[PDB]
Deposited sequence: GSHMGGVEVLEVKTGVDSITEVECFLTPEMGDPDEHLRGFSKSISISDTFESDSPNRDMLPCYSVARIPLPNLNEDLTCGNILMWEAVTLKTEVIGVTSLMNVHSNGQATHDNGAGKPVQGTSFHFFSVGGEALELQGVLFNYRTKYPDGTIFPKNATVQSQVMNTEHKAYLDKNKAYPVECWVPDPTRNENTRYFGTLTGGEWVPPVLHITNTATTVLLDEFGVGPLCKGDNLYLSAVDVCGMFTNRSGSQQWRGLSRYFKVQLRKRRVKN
């Protein structure tokens, strides 16, 4: 791909605006945005998590205006987590901080991630415990070995389906993803506080060091996210993941390319 000039004029730009909902497991008809309560296996060999207990990567494939060559180039991103103040509900079936106290807030292990690409996010599998039996309905590293706990290059995949790729099994593949920009932070600790910033004044530039953003193959833009904010502790002590939606606004421009 030789990348040539940017098109100009009023017609040369377009914008994508949407929200990606979290896929935390949704264990019943009242618990969208939550996982099933966590159960712990007795041994590594008996680890067998149910599907509704496993948060998954969110993805949307957004068709863009048909172009044909020209390709849509993703240039800027505005993004934030939607509903951050919902975590101030500390009066709803939560374990109390202490006797007579308020409910505990969502807190602890969190992963906040987003990517913008001109094709599906490329994934590499890494397993905490290679003997984990992952559930029907999920897409997980196959033919796992003990080496899968550190790096097994067999575990390559595309984030190409919603509610399918468990967060704990998969990361962006740093050896690929030339046509995607990804950003993620694991804040892994037991007691970490959610720290969530919102503003409509912050922009992320998606251009690489050569001034080129993701180029959208077949006129499709791929947005991906995970926003596991922490765990909710209910009155029994049981804990569930809680996720929130992520807003995306992407500005794109037409770019001529060759080959």
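Where C-alpha coordinates are absent, the deposited sequence of this PDB chain has the segments 1-6, 75-81.
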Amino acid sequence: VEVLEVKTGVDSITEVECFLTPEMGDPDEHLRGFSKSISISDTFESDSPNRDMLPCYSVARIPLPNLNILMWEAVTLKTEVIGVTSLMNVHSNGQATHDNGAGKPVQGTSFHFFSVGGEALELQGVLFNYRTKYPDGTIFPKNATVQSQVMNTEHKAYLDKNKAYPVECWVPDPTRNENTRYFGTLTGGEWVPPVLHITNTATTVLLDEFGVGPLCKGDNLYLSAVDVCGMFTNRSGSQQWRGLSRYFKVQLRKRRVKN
From here on, numbers count along this sequence of modelled residues.
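Averaged over CA atoms, B-factors in the entry run higher in 205-213 than in the other of 205-213 and 53-61.
Residue set 37, 200, 233, 46: peak C-alpha B-factor at 46 (per PDB entry). When the C-alpha B-factors of 117, 137, 108, 105 are ranked from the entry, the top spot goes to 137. Annotation for residue 243: CA B-factor lies in the lowest third of the chain's modelled residues.
When the modelled residues of the chain are ordered by C-alpha B-factor, residue 178 sits in the highest third. Sort the modelled residues of the chain by CA B factor and residue 78 lands in the middle third. Sort the modelled residues of the chain by CA B factor and residue 20 lands in the middle third. When the modelled residues of the chain are ordered by their C-alpha B factor, residue 112 lands in the lowest third.
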